[PDB]
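Just one chain is shown here, as structure tokens, and it is the form deposited in one PDB entry.
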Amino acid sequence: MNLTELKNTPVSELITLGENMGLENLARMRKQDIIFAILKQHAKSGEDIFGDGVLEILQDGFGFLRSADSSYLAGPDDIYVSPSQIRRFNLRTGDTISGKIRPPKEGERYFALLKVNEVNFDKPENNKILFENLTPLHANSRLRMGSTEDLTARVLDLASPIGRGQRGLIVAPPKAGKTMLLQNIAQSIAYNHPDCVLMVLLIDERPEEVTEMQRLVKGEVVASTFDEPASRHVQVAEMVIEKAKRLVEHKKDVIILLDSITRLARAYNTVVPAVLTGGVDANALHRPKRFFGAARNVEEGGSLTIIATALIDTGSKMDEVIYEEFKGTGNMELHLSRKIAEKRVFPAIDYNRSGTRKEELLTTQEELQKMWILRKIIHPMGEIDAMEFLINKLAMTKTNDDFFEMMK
């Protein structure tokens, strides 16, 4: 009946499902062939075959429905979308489409979208592109993030209040909680705000860190591994950034947690041809910024917030330039100290450095000035000295109870 349902169902059940349809000795062909031999077997004319995926409009004019469970990698069972079909529905890259499909004829190799049933979870007859939505500052509606796990999220909401559509930069040296901090936020996202579309974008990562991230996050984890070509890291990022844009057009609040705007920019640099300023062609930093530029609150409805990590102190001067450029382009930054972490001390947040632009719209005066008197007393406190102060002042309350009960 359904392609993605079939490839998800184990091979053993796939054999015993095909055999009941008169398919002989399926045990001697791969899972892939079995699925094709089953969906094709619905040659019982007028028997419905379905498929789903996220659309990628190719160069020539045609398109394909890429699958999320592959990080939108081009597979042998993508669903072909006609250049004529796109015209009939005004389709775009990032659109999530589903519906009736049919098997490849002779001379064909892929399934083709026979009938459109849904476009971005909306009826096909349904949108001004994110490219022209008006952009309020984004601070209007806040996103707060209780036990021991809520330790980081607590210091996080005090240091850098997040908003609906924040351009957030997470500065980090190696070994500082960079992963666990993101996994803490991603845990605080689905737990407190399930009404939001969470996407975690991992570029140039290790397959194990990818699968451990894929395991922990309630939401769509999309990733490209270290081995894959530079054009691949770009492809994954552009499939995702456009997917978000189409979802905000339907007035959704979308959150993207990018692993490394640093790693993504290294990729674009080698994909964008041809002017040098320290290894990186200065004209290549544009496309990574275009990605980072989408982060906004939309007045007419919805939002896109991108909290991306910036890698620093790696030993490559290129990695420094990437940071130098995106410095200030974000309306929220959170710094991790190499010392507050490597001294076996939790959230390596350098409090004084971390902050968000226009805190006032994200927080009422009673809740805002609460952070101001707090900052004033913490300001002159050292890097590691200031942190352990907050760890112990908070491990004795909830969060709001702090001024309410640490004033005497």
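All residue numbers refer to positions in the sequence shown, first residue = 1. We call the rigid core the largest set of C-alpha positions that still match within 1.5 Å between the two forms.
Trainee: I'd like the number of residues from the deposited sequence that lie between residue 274 and residue 275 yet are not in the model, binned as none, 1 to 3, 4 to 9, or 10 or more.
Mentor: 1 to 3 residues are missing.
Trainee: I'd like the number of residues from the deposited sequence that lie between residue 126 and residue 127 yet are not in the model, binned as none, 1 to 3, 4 to 9, or 10 or more.
Mentor: 1 to 3 residues lack coordinates between residue 126 and residue 127.
Omitted here: the form deposited in another entry. The next part is about that form.
Trainee: Using the rigid core as the reference frame, would you say residue 395 shifts its C-alpha by 2 Å or more between the shown form and the other one?
Mentor: Result for residue 395: no, shift under 2 Å.
Trainee: Taking the rigid core as the reference frame, is the Cα of residue 59 displaced by 2 Å or more between the shown form and the other one?
Mentor: No; residue 59 is a residue whose C-alpha shifts by less than 2 Å between the shown form and the other one when the cores are overlaid.
Trainee: Would you say residue 70 moves between the shown form and the other one, meaning its CA shifts by 2 Å or more once the core is fitted?
Mentor: The answer is no, as the C-alpha of residue 70 shifts between the shown form and the other one by less than 2 Å after core alignment.
Trainee: Using the form shown as baseline, tell whether residue 117 and residue 46 are closer or farther in Cα-Cα distance in the other form, where the change reaches 3 Å or more.
Mentor: More distant in the other form, by 3 Å or more.
Trainee: Which way does the C-alpha gap of residue 11 and residue 220 go in the other form, closer or farther, given it changes by 3 angstroms or more?
Mentor: Those two alpha carbons end up closer in the other form.
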